[PDB]
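What follows is one structure encoded as structure tokens, with my remarks underneath.
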Amino acid sequence: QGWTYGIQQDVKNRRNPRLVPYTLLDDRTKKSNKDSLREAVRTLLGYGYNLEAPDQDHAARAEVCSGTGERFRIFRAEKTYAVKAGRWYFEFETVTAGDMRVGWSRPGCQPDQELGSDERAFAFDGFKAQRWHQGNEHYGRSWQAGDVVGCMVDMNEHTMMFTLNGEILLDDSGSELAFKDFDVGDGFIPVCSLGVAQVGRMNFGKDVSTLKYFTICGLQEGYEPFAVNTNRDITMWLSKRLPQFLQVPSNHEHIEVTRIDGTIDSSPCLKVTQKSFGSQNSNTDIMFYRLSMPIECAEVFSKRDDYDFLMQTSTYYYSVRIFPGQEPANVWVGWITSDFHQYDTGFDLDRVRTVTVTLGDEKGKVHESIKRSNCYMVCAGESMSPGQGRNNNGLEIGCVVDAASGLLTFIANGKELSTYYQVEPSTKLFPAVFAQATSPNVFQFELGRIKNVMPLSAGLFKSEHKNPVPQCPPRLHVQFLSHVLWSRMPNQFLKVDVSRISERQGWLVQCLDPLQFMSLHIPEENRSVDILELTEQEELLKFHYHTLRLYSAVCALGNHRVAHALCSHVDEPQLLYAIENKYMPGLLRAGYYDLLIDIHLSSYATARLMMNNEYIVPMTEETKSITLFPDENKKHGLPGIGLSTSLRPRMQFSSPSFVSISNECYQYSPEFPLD
Amino acid sequence: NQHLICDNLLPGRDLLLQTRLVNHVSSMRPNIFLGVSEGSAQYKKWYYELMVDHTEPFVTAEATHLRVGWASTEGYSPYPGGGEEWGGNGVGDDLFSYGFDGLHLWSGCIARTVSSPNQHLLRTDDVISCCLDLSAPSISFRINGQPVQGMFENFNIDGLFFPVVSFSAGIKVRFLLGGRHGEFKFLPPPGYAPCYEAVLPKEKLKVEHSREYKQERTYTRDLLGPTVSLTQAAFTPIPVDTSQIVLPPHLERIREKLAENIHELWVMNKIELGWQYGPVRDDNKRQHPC
Amino acid sequence: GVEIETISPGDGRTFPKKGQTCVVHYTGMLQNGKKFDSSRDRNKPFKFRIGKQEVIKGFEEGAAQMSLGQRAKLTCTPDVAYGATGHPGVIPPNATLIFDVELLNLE
Amino acid sequence: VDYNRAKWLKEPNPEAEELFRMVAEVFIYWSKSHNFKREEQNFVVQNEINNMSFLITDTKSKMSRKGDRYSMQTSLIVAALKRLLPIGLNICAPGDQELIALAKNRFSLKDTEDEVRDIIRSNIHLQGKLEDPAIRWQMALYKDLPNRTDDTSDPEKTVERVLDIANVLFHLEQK
Ligand SMILES: Nc1ncnc2c1ncn2[C@@H]1O[C@H](COP(=O)(O)OP(=O)(O)OP(=O)(O)O)[C@@H](O)[C@H]1O
């Protein structure tokens with residue numbers, strides 16, 4: 001009829017409060033209908049017709065109503081806190097009761113796997129009263145809401161123990177050892193896994209008084225709280241909800257990527273093969289692949305083959321060959337941006353994220369409309385459309401991007417497809433393919449070129465910007481969307497005060513205390529992370545440390561111009577944050593200290609150390625006033641304190657400014673706040 | 001060699017990793033979920049306001065972040081979809097959020113400058129009116145009662161929408177959701193309902209963090225697992241069909257007696273509790289011609 | 001040559017005269033959004049005198065068109081900037097510069 | 001004891017504490033006589049004892065072939081020693097913990113309890129370091145007990161008890 005729900009009833013807008021689920025419905029109308037209902041059913045019974053229920057069922061919905069990609073979240077300590085010896089203790093308070101596990105995990109434990117399902121973790125699951133390590137057994141009992149589980153590890157004797165509210169849990173036998181024997185390996189860290197609608201708390205005993213049952217069971221057995229000898233909060237890592245693109249591992253259970261060299265008669269190819277096809281537990285879900293480097297469109301849009309046209313053009317091409325045996329309807333080919341993070345089992349081209357920004361003149365009169373999305377792709381099945389023989393050749397879909405105009409076009413087989421896209425300037429597009437494996441051979445990225453179109457490697461690499469010969473350098477590779485990643489919980493959050501001032505004034509949200517983090521940007525992937533996350537990313541940490549070493553080297557030994565240039569890349573707020581931050585990795589900390597010293601202090605420090613062993617003392621009354629001892633009591637004063645009149649090099653610095661054109665600032669080192 | 005390496009490596013900013021200090025950004029939203037679906041009882045047009053009591057343009061060397069607008073979820077989940085949860089990003093930095101910062105419309109981490117009478121960045125004593133129409137997907141803004149000549153449209157409506165504000169340190173803002181949760185400084189556009197009307201009868205309106213984790217003690221912090229989808233957000237009444245079933249004759253001529261008995265029930269009930277004849281139709285007089 | 005968009009309005013009346021000193025706070029970004037310079041980073045306002053070729057003339061004329069107390073975003077093409085040769089180690093060749101400039105004082 | 005161990009721990013009861021020493025003396029007698037194992041295997045078959053009717057019954061009250069199905073862990077003596085060790089351990093102090101440590105060390109070295117008594121009495125004077133953060137936070141957590149200090153505890157009888165409990169742990173774990 002047209003009515004909708006509203007907190008207050010309104011005839012004119014057809015809003016009523018009764019349009020709510022019967023579970024949330026108020027009792028008054030509920031009982032008003034139920035009285036007549038009861039009278040009717042009792043009258044039915046009285047008139048001689050007896051009514052019996054169909055059946056009574058006892059079924060559980062499994063409370064799995066969360067997102068299909070997330071059944072649990074894993075919270076662990078940082079990898080650097082791994083313990084390889086001694087006795088350690090921590091606590092896990094269960095706010096709710098449900099599918100929760102707690103224990104010790106190896107540094108290599110994966111965030112997308114159940115705790116104890118493999119060899120990488122030892123866990124206790126009080127939902128079913130079980131112990132989990134590379135299998136399932138029966139151990140202990142089931143907790144309730146508010147129960148505290150004390151986890152103990154003894155790395156000297158290679159034992160693990162669990163207590164519920166201070167009482168030691170037992171296995172099927174009378175043994176108190178949850179896990180009798182295990183290799184030390186790289187150590188263990190506290191870990192927990194929480195299922196759907198589960199709330200936990202992990203206490204590392206930084207404040208011993210906050211522990212509940214440590215004294216009852218663990219204080220006197222020689223077990224140390226996991227954070228007793230720490231002056232700083234333990235960094236938290238946790239499973240990443242948002243999937244990210246990363247290079248396909250060489251040991252992947254399902255996907256194999258083969259790099260095919262480009263001959264004179266062929267083109268470079270990156271072939272994706274499903275190595276697990278035709279066997280148990282083969283991954284039949286759709287998988288999202290992309291190339292590691294993007295094509296960047298022009299900043300400003302203008303309003304056989306020809307060599308001059310190729311040199312002057314900004315049109316790049318690649319092709320994807322869906323092999324025979326793989327259904328084209330399960331393969332999508334096109335481009336994505338760095339904003340694509342949508343991992344869904346059922347993917348359709350009509351469900352991609354999109355928006356339209358419409359800009360008009362003062363009185364309506366729309367003068368521009370821009371469609372913005374992160375997925376510009378086409379379907380191979382609809383590209384085929386009439387049912388073909390599927391044996392003539394692999395279905396070769398060619399993607400063409402015009403960066404000078406932001407135009408994305410597709411070719412099915414020598415014919416231009418109707419579907420096309422228009423992208424906003426400065427967009428970075430990653431060649432992407434979304435495929436569901438229906439054969440061991442799925443597809444391959446062919447990096448060739450067609451008539452009057454520049455090869456993709458040219459737009460990928462600035463060095464080969466004018467090289468018509470297609471190339472596949474080692475930097476270009478195939479990445480796939482995956483959930484095997486960790487997130488670093490920040491040690492400090494913004495202090496936001498929210499309150500209700502009054503009915504008229506609304507809700508007040510206030511934030512005053514500044515908070516900053518140091519961001520590391522990956523240029524090729526167009527993604528930024530926190531530099532504190534490098535504690536667990538070794539290759540990026542090593543490369544950035546060597547980059548800082550190169551920064552020191554280029555300006556070493558009084559290269560003031562290079563130091564001024566480096567002041568643009570590493571500014572003094574960054575330097576101060578790096579030197580003051582306590583969670584920064586040691587390598588980066590040392591590198592940034594060295595960078596600060598070499599950019600702002602090294603020149604004058606060296607000059608003074610060079611005039612150190614020479615004493616040119618002018619004669620003034622200040623010199624005459626100098627005495628060996630400060631007073632009659634011939635006791636040495638504090639060294640350095642006193643009146644020194646010896647000549648010393650002058651200290652001068654130049655302000656680093658890149659809007660000036662003076663060119664005289666390249667003498668002296670750049671300034672820094674010395675106080 | 002030093003000059004060559006510097007001039008041939010540093011200015012590109014395309015190979016070496018780049019470092020920069022970024023202000024932490026936090027988001028606040030009301031506990032309101034707005035969605036549109038076939039057969040649902042939810043209203044389609046909503047309106048709210050944000051008024052800025054104070055802001056500091058530069059608390060740090062980086063410009064203060066302050067954006068206001070609407071954010072969507074990823075398929076009935078209570079989580080704000082498609083965005084990071086720690087800091088650095090705000091409204092309009094993903095394709096699930098649509099924001100306004102006083103000069104620019106932000107979506108997909110891309111900003112478009114938008115015209116307005118006396119354009120300026122969000123400052124002290126600024127009133128922002130946000131309007132969301134789901135029948136035809138549209139998000140519109142009005143600064144200080146003046147229309148903003150920019151608009152979001154044709155976005156995904158398969159999730160749940162909510163008001164949202166993203167900010168760095170150095171602000172004092174106030175949500176005005178209408179009714180008893182902040183009187184509107186300007187009259188809402190016709191057909192737009194205040195955001196306070198979306199509260200379910202049992203729950204209470206609140207303004208809380210868009211993400212699960214905030215500043216607390218280590219041992220007092222609540223770690224949350226996955227959360228169930230909000231099926232109650234969309235109320236689509238689908239009953240058991242009765243067209244396929246057939247009434248037997250015996251149930252019919254006993255239905256006659258049941259109907260007469262229940263009719264007697266209502267009539268005698270209105271005798272004992274006081275209905276009677278009424279010449280004119282009025283709700284207060286509480287009388288029925290039955 | 002320079003393209004100016006007001007972020008925060010000024011007085012609208014006082015403009016930089018000839019033979020005067022503009023004291024500003026500027027944050028410099030490349031057209032792709034990467035920051036290369038900022039006086040607020042150094043916590044020292046930048047002072048430059050009008051008409052003596054002390055800065056890039058794009059910034060010169062942009063600040064000239066600015067008013068007292070005004071904040072504005074200035075887009076400078078390479079012709080009014082470092083141009084094809086660029087700034088070695090900082091500004092790549094043929095780079096369009098974006099500045100967030102606040103005209104603090106006229107002295 | 002399982003019903004009232006928490007009362008005895010939250011509020012120490014010296015009168016009830018003597019039970020710990022008493023059952024420890026029972027335990028040393030169990031160590032002395034080897035005939036308990038054989039007669040107990042006979043007693044269990046003659047009069048049917050499975051210790052399960054006490055093992056699985058106590059949980060409700062605390063509100064928290066034959067060769068393969070039969071184990072010895074259900075023995076009343078060993079169950080009692082597990083259920084009564086913590087009270088004596090709480091009688092023991094973090095400072096007295098080191099005394100127990102070297103008592104067990106000399107027991108491992110196989111020095112008789114008669115000789116170690118005078119040695120420990122002499123070593124009492126040589127107190128441990130005091131400023132170290134570890135030991136400082138142990139007596140920080142131990143200071144809640146008002147009159148549990150070695151100043152109030154009689155030296156020689158507590159040393160003898162320390163040797164006794166060191167022998168108890170010696171036998172129990174490593175013999
Ligand atoms: N004369 C009456 N005496 C008592 N209650 C009445 C009377 N008339 C209506 N009501 C109650 O007021 C509401 C109005 O419903 P009504 O009986 O008019 O049927 P309807 O038009 O089908 O509406 P509904 O679907 O809400 O029952 C019902 O909850 C009904 O029980």
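Going through the structure tokens in order, the chains are called A, B, and so on, while each chain numbers its residues from 1 and the ligands are numbered from 1 in the order shown.
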
_Near-residue C:91 list (12 Å; only C-alpha atoms; drop same-chain fewer than 6 positions) as a VMD selection string_ = (chain A and resid 565 to 566 568 to 569 658 to 659) or (chain B and resid 6 to 13) or (chain C and resid 28 to 31 34 to 37 78 81 to 85 97 to 98)

For C-alpha atoms, I'd like the residues from the last selection saved as a short mmCIF file (atom, residue, chain, number, x, y, z; two decimals), in the first residue's frame.
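So out-v7.cif came out as:
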data_model
loop_
_atom_site.label_atom_id
_atom_site.label_comp_id
_atom_site.auth_asym_id
_atom_site.auth_seq_id
_atom_site.Cartn_x
_atom_site.Cartn_y
_atom_site.Cartn_z
CA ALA A 565 68.19 17.75 -2.11
CA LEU A 566 67.84 14.98 0.50
CA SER A 568 63.16 17.23 0.30
CA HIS A 569 62.90 13.43 0.64
CA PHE A 658 62.99 24.75 -3.12
CA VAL A 659 60.95 27.79 -4.17
CA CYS B 6 71.35 11.79 -6.77
CA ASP B 7 70.08 13.50 -9.93
CA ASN B 8 69.33 10.20 -11.70
CA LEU B 9 67.67 8.36 -8.79
CA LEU B 10 66.07 10.70 -6.24
CA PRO B 11 63.78 12.97 -8.35
CA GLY B 12 61.95 10.03 -9.93
CA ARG B 13 60.32 8.89 -6.67
CA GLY C 28 54.76 22.22 -2.01
CA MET C 29 53.38 19.14 -3.74
CA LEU C 30 53.97 17.61 -7.14
CA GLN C 31 50.97 17.16 -9.41
CA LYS C 34 53.97 13.84 -3.50
CA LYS C 35 55.25 16.56 -1.17
CA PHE C 36 58.68 18.03 -1.92
CA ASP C 37 58.80 21.19 0.22
CA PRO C 78 56.67 24.30 -15.86
CA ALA C 81 58.52 26.87 -12.75
CA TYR C 82 61.81 24.97 -13.04
CA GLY C 83 60.77 23.93 -16.55
CA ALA C 84 62.44 21.33 -18.74
CA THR C 85 65.77 21.34 -16.86
CA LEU C 97 53.83 22.30 -9.03
CA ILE C 98 50.98 22.59 -6.52
#

How close does chain D get to chain A? List, as JSON lines, each residue of chain D within 9 Å, its nearest atom pair and the distance in Å to one decimal, counting only C-alpha atoms.
{"residue": "D:64", "atom": "CA", "partner": "A:167", "partner_atom": "CA", "distance": 8.4}
{"residue": "D:73", "atom": "CA", "partner": "A:174", "partner_atom": "CA", "distance": 7.1}
{"residue": "D:74", "atom": "CA", "partner": "A:174", "partner_atom": "CA", "distance": 8.9}
{"residue": "D:86", "atom": "CA", "partner": "A:216", "partner_atom": "CA", "distance": 8.9}
{"residue": "D:89", "atom": "CA", "partner": "A:220", "partner_atom": "CA", "distance": 8.2}
{"residue": "D:90", "atom": "CA", "partner": "A:220", "partner_atom": "CA", "distance": 8.6}
{"residue": "D:94", "atom": "CA", "partner": "A:220", "partner_atom": "CA", "distance": 8.1}
{"residue": "D:97", "atom": "CA", "partner": "A:220", "partner_atom": "CA", "distance": 8.9}
{"residue": "D:134", "atom": "CA", "partner": "A:229", "partner_atom": "CA", "distance": 8.9}
{"residue": "D:138", "atom": "CA", "partner": "A:219", "partner_atom": "CA", "distance": 9.0}
{"residue": "D:141", "atom": "CA", "partner": "A:209", "partner_atom": "CA", "distance": 8.1}

Do me a favour and pick out the residues of chain B within 12 Å of chain C, using only C-alpha atoms, as a CSV table (one decimal) with C-alpha atoms, in the first residue's frame.
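The file below, selection29.csv, is the result:
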chain,number,residue,atom,x,y,z
B,2,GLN,CA,77.4,11.5,-5.9
B,3,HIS,CA,75.7,14.1,-8.1
B,4,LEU,CA,75.0,11.7,-10.9
B,5,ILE,CA,73.4,9.1,-8.6
B,6,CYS,CA,71.3,11.8,-6.8
B,7,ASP,CA,70.1,13.5,-9.9
B,8,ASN,CA,69.3,10.2,-11.7
B,9,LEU,CA,67.7,8.4,-8.8
B,10,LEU,CA,66.1,10.7,-6.2
B,11,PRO,CA,63.8,13.0,-8.4
B,12,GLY,CA,61.9,10.0,-9.9
B,13,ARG,CA,60.3,8.9,-6.7
B,14,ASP,CA,59.3,5.7,-8.5
B,18,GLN,CA,58.8,7.0,0.0
B,19,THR,CA,58.4,8.3,3.6
B,20,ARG,CA,56.0,10.9,4.9
B,21,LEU,CA,54.4,11.8,8.2
B,22,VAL,CA,50.6,11.3,8.1
B,57,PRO,CA,43.7,24.4,10.3
B,58,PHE,CA,47.3,23.3,11.2
B,59,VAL,CA,47.7,21.4,14.5
B,60,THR,CA,50.8,19.8,12.9
B,61,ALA,CA,52.8,20.6,9.7
B,62,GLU,CA,50.2,18.6,7.8
B,63,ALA,CA,46.8,20.1,7.1
B,101,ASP,CA,35.3,18.6,2.8
B,102,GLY,CA,34.0,22.1,2.1
B,103,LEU,CA,35.8,22.5,-1.2
B,104,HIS,CA,36.0,18.9,-2.6
B,109,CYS,CA,40.4,8.4,-2.7
B,110,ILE,CA,39.8,11.0,-5.5
B,111,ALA,CA,38.7,14.6,-4.9
B,113,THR,CA,36.5,20.5,-6.6
B,114,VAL,CA,32.9,21.7,-6.3
B,115,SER,CA,31.4,25.1,-6.7
B,116,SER,CA,29.6,26.9,-3.8
B,118,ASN,CA,31.9,31.7,-1.0
B,119,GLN,CA,33.9,28.5,-1.3
B,120,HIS,CA,36.0,27.8,1.8
B,121,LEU,CA,37.4,24.8,3.7
B,122,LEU,CA,35.4,23.6,6.6
B,123,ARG,CA,35.9,26.1,9.4
B,124,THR,CA,34.4,27.4,12.7

If we count only C-alpha atoms and set the cut-off at 10 Å, which residues sit around residue B:146, ignoring sequence neighbours fewer than 5 positions away in its own chain? Please answer as a compact mmCIF listing (two decimals) with C-alpha atoms, in the first residue's frame.
# COMPACT_ATOMS: atom_id res chain seq x y z
CA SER B 116 29.63 26.88 -3.82
CA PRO B 117 28.77 30.46 -2.78
CA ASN B 118 31.90 31.75 -1.03
CA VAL B 127 26.65 24.07 9.21
CA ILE B 128 26.64 21.16 6.75
CA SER B 129 23.41 19.52 5.59
CA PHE B 141 25.29 18.65 0.45

*All residues within 8 Å of ligand 1 are required, counting only C-alpha atoms and all ligand atoms; please report them as a PyMOL selection string.*
(chain A and resi 29+32-33+36) or (chain B and resi 266-267+269-270+275+287-290)

Emit the selected residues as a compact mmCIF listing (two decimals), in the first residue's frame, including N, CA, C and O atoms.
# COMPACT_ATOMS: atom_id res chain seq x y z
N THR A 29 0.26 -4.30 20.81
CA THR A 29 -0.40 -4.83 19.62
C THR A 29 -0.26 -6.34 19.55
O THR A 29 -1.17 -7.05 19.10
N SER A 32 -2.80 -7.67 21.82
CA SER A 32 -4.11 -7.30 21.29
C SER A 32 -4.55 -8.27 20.20
O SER A 32 -5.72 -8.66 20.15
N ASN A 33 -3.63 -8.66 19.32
CA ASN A 33 -3.96 -9.68 18.33
C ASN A 33 -3.99 -11.07 18.94
O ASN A 33 -4.84 -11.90 18.56
N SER A 36 -7.43 -12.38 20.64
CA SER A 36 -8.40 -12.88 19.67
C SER A 36 -7.92 -14.17 19.03
O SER A 36 -8.71 -15.08 18.76
N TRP B 266 -15.80 -10.05 19.66
CA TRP B 266 -15.54 -8.62 19.54
C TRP B 266 -16.73 -7.78 20.00
O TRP B 266 -16.54 -6.77 20.70
N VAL B 267 -17.95 -8.16 19.61
CA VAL B 267 -19.07 -7.30 19.97
C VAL B 267 -19.26 -7.26 21.49
O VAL B 267 -19.28 -6.19 22.09
N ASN B 269 -17.12 -7.89 23.75
CA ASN B 269 -15.97 -7.18 24.30
C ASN B 269 -16.18 -5.68 24.27
O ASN B 269 -15.89 -4.98 25.25
N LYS B 270 -16.69 -5.15 23.15
CA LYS B 270 -16.89 -3.71 23.09
C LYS B 270 -18.05 -3.27 23.98
O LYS B 270 -18.05 -2.13 24.46
N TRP B 275 -17.42 0.49 23.91
CA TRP B 275 -17.74 1.11 22.63
C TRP B 275 -19.26 1.25 22.48
O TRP B 275 -20.04 0.55 23.12
N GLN B 287 -15.21 4.75 19.32
CA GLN B 287 -16.47 4.05 19.09
C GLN B 287 -16.49 3.53 17.66
O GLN B 287 -15.92 4.15 16.76
N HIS B 288 -17.14 2.38 17.46
CA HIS B 288 -17.16 1.71 16.17
C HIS B 288 -18.59 1.32 15.81
O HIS B 288 -19.36 0.93 16.70
N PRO B 289 -18.98 1.41 14.54
CA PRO B 289 -20.33 0.97 14.15
C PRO B 289 -20.46 -0.54 14.00
O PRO B 289 -21.51 -1.00 13.53
N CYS B 290 -19.45 -1.31 14.39
CA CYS B 290 -19.51 -2.76 14.27
C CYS B 290 -20.55 -3.39 15.19
O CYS B 290 -20.91 -4.55 14.98

*What's the 12 Å shell around residue D:44, counting only C-alpha atoms, without same-chain residues fewer than 6 positions away, as an NGL selection string?*
:D and (36-38 or 50-51 or 66 or 70-72 or 74-76)

*Compute the set of chain B residues within 6 Å of chain A, using only C-alpha atoms, and express it as a PyMOL selection string.*
chain B and resi 2+14+17-24+41-43+149-155+169-176+180-183+197+215+219+222-229

Could you please take those selected residues and save N, CA and C atoms as a compact mmCIF listing (two decimals), in the first residue's frame?
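The result, written out as result-v8.txt:
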# COMPACT_ATOMS: atom_id res chain seq x y z
N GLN B 2 78.42 11.11 -6.84
CA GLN B 2 77.36 11.49 -5.92
C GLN B 2 76.28 12.29 -6.63
N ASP B 14 60.05 6.83 -7.92
CA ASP B 14 59.33 5.70 -8.49
C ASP B 14 59.94 4.35 -8.17
N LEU B 17 61.44 3.47 -1.83
CA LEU B 17 60.25 3.66 -1.01
C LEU B 17 60.21 5.07 -0.44
N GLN B 18 59.02 5.65 -0.41
CA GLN B 18 58.83 7.03 0.01
C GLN B 18 58.32 7.09 1.44
N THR B 19 58.81 8.07 2.19
CA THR B 19 58.43 8.26 3.59
C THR B 19 57.74 9.60 3.75
N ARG B 20 56.76 9.64 4.66
CA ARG B 20 56.00 10.85 4.93
C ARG B 20 55.26 10.69 6.24
N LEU B 21 55.16 11.79 6.99
CA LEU B 21 54.37 11.81 8.21
C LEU B 21 52.91 12.09 7.88
N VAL B 22 52.02 11.25 8.38
CA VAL B 22 50.59 11.34 8.09
C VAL B 22 49.84 11.44 9.40
N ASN B 23 48.92 12.40 9.48
CA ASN B 23 48.08 12.54 10.66
C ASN B 23 47.14 11.34 10.78
N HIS B 24 46.98 10.85 12.00
CA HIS B 24 46.00 9.80 12.25
C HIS B 24 44.60 10.33 12.04
N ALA B 41 10.60 -2.27 4.58
CA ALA B 41 9.83 -1.21 5.22
C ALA B 41 10.65 0.05 5.48
N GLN B 42 11.89 0.10 5.02
CA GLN B 42 12.75 1.24 5.29
C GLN B 42 12.40 2.41 4.39
N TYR B 43 12.45 3.62 4.96
CA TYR B 43 12.32 4.82 4.16
C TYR B 43 13.57 5.04 3.32
N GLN B 149 27.14 22.64 -5.50
CA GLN B 149 26.84 22.31 -6.89
C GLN B 149 27.61 21.06 -7.33
N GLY B 150 27.44 20.01 -6.54
CA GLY B 150 28.06 18.73 -6.81
C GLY B 150 27.26 17.63 -6.15
N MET B 151 27.35 16.43 -6.72
CA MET B 151 26.40 15.39 -6.35
C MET B 151 27.01 14.02 -6.61
N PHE B 152 26.73 13.08 -5.72
CA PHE B 152 27.08 11.69 -5.92
C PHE B 152 25.84 10.92 -6.35
N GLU B 153 26.01 10.00 -7.29
CA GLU B 153 24.86 9.25 -7.79
C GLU B 153 25.31 7.91 -8.35
N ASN B 154 24.32 7.04 -8.58
CA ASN B 154 24.52 5.75 -9.23
C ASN B 154 25.59 4.92 -8.52
N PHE B 155 25.58 4.95 -7.20
CA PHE B 155 26.48 4.13 -6.41
C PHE B 155 25.78 2.84 -5.97
N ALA B 169 43.20 15.27 14.49
CA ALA B 169 43.11 15.99 15.75
C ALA B 169 42.94 17.49 15.51
N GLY B 170 42.20 18.14 16.40
CA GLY B 170 42.03 19.58 16.34
C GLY B 170 40.67 20.03 15.87
N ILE B 171 39.62 19.29 16.21
CA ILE B 171 38.26 19.67 15.86
C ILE B 171 37.34 19.54 17.06
N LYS B 172 36.25 20.29 17.00
CA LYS B 172 35.05 20.06 17.80
C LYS B 172 33.87 20.16 16.85
N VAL B 173 33.15 19.06 16.65
CA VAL B 173 32.01 19.03 15.75
C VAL B 173 30.80 18.52 16.52
N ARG B 174 29.62 18.78 15.98
CA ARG B 174 28.39 18.31 16.60
C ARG B 174 27.43 17.78 15.55
N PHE B 175 27.07 16.51 15.71
CA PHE B 175 26.01 15.89 14.93
C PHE B 175 24.66 16.42 15.37
N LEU B 176 23.83 16.77 14.39
CA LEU B 176 22.43 17.13 14.59
C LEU B 176 21.60 16.17 13.75
N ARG B 180 15.10 15.02 19.21
CA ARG B 180 15.73 15.23 20.50
C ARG B 180 17.24 14.99 20.46
N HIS B 181 17.82 14.84 19.27
CA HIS B 181 19.24 14.60 19.11
C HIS B 181 19.89 15.72 18.30
N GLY B 182 19.49 16.96 18.55
CA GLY B 182 20.04 18.09 17.85
C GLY B 182 19.09 18.70 16.84
N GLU B 183 18.52 19.86 17.17
CA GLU B 183 17.60 20.53 16.26
C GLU B 183 18.34 21.00 15.02
N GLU B 197 14.98 9.21 13.09
CA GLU B 197 13.81 8.36 12.93
C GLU B 197 14.16 6.93 12.52
N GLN B 215 41.31 3.86 21.89
CA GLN B 215 42.39 4.03 22.85
C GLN B 215 41.94 3.51 24.21
N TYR B 219 45.14 -4.64 28.70
CA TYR B 219 44.39 -5.76 29.26
C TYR B 219 42.89 -5.49 29.30
N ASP B 222 38.91 -5.03 24.37
CA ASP B 222 38.07 -6.14 23.95
C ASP B 222 38.43 -6.54 22.53
N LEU B 223 38.85 -7.78 22.35
CA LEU B 223 39.15 -8.33 21.04
C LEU B 223 37.88 -8.98 20.50
N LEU B 224 37.48 -8.58 19.30
CA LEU B 224 36.22 -9.00 18.71
C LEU B 224 36.49 -9.91 17.52
N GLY B 225 35.73 -10.99 17.43
CA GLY B 225 35.77 -11.83 16.26
C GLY B 225 34.83 -11.29 15.20
N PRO B 226 34.57 -12.08 14.16
CA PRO B 226 33.60 -11.67 13.15
C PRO B 226 32.22 -11.47 13.76
N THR B 227 31.47 -10.53 13.20
CA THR B 227 30.14 -10.18 13.69
C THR B 227 29.09 -10.62 12.69
N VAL B 228 27.95 -11.09 13.21
CA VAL B 228 26.88 -11.58 12.35
C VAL B 228 26.32 -10.45 11.51
N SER B 229 25.77 -10.80 10.35
CA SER B 229 25.15 -9.82 9.48
C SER B 229 23.85 -9.31 10.08

_Neighbour list for residue B:254 as a list in words, cut-off 12 Å, only C-alpha atoms, skip fewer than 2 positions in-chain_ =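 These residues fall inside the cut-off: residues 40, 43, 44, 45, 46, 47, 48 and 49 of chain A; 247, 248, 249, 250, 251, 252, 256, 257, 258, 259, 260 and 261 of chain B.
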
*Could you tell me, as a PyMOL selection string, which residues of stretch 32-94 of chain C DSSP assigns to strand (DSSP E or B) when given the backbone?*
chain C and resi 35-38+46-49+55+71-76+87+91

*Could you name the residues that touch residue A:89 at 7 Å or less, counting only C-alpha atoms, but leaving out those on the same chain fewer than 3 positions away, as a ChimeraX atom specification?*
/A:150-153,223-226

Go ahead and dump the residues you just picked, N, CA and C atoms, as a compact mmCIF listing (two decimals), in the first residue's frame.
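Contents of selection_30.txt, as written:
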# COMPACT_ATOMS: atom_id res chain seq x y z
N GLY A 150 44.58 -19.33 32.10
CA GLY A 150 45.99 -19.07 32.27
C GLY A 150 46.82 -20.05 31.48
N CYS A 151 47.58 -19.53 30.52
CA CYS A 151 48.42 -20.34 29.66
C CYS A 151 49.87 -20.24 30.13
N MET A 152 50.49 -21.39 30.36
CA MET A 152 51.87 -21.48 30.81
C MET A 152 52.68 -22.25 29.78
N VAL A 153 53.88 -21.77 29.49
CA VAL A 153 54.83 -22.49 28.66
C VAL A 153 56.15 -22.61 29.41
N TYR A 223 56.99 -19.35 36.77
CA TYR A 223 56.51 -18.82 35.51
C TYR A 223 56.48 -17.29 35.56
N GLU A 224 57.07 -16.66 34.56
CA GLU A 224 57.13 -15.21 34.46
C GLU A 224 55.99 -14.70 33.59
N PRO A 225 55.35 -13.59 33.95
CA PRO A 225 54.41 -12.96 33.03
C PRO A 225 55.11 -12.56 31.74
N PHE A 226 54.37 -12.65 30.62
CA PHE A 226 55.00 -12.47 29.32
C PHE A 226 55.53 -11.06 29.11
